[PDB]
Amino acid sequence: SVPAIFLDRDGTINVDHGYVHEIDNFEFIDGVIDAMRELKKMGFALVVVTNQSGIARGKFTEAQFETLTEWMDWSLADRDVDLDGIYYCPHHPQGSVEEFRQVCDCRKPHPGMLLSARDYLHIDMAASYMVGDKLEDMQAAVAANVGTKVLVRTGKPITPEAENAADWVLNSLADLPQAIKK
């Protein structure tokens, strides 16, 4: 099998401005591209797992999300960071867009995306890490049996509940490689 770093996006990889769907509003957090490179060098698979309820809300389309994700995927690959999987949940139970309106198994804190990635890539879960800025990230990880749950300070002023559920709290994903090496 392979160990993985599971990655939230908004608040973790990019600055969370709310329903980010435009290239011109996608801002990589300082140091995270370099950190992801290092994580790849240290033998981790990298898997994005992102809730994208803006699709169900009609803030933007799945077409627009794919355009952005393609761009993000190239941008990283061009910086020697080759993502192993990108999983997203377009769903919301109250979605205005019928196609995406539903309770689902993939919306964090449900561990669905992490389980799919596990089965696809043959991921060693106990040897893996989840990194996110929200409670829902930590809860998805515990459910999927992710060995280490890492909260970051780059998004939402963290809640006590999110901090409670996390194993580690780091300022940024940029700090992860050094934390793992230590």
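Each residue number is its position in the shown sequence, starting from 1.
160-168 and 9-17 differ in mean CA B-factor, and the higher of the two is recorded for 160-168. Once the C-alpha B-factors are averaged per stretch, 141-149 and 46-54 rank with 141-149 first. Highest C-alpha temperature factor among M72, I86, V81, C104, as the PDB entry reports it: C104.
Reading the B-factor column for the CA atoms of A35, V131, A117, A63 in the entry, the top value corresponds to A63. Ranked by C-alpha B-factor against the other modelled residues of its chain, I29 falls in the lowest third.
Ranked by Cα temperature factor within the chain, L39 sits in the lowest third according to the deposited record.
For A127, the recorded CA B-factor ranks within the highest third of the chain. Only modelled residues enter the ranking. Per the deposited record, the Cα B-factor of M113 falls in the lowest third when ranked against the other modelled residues of its chain.
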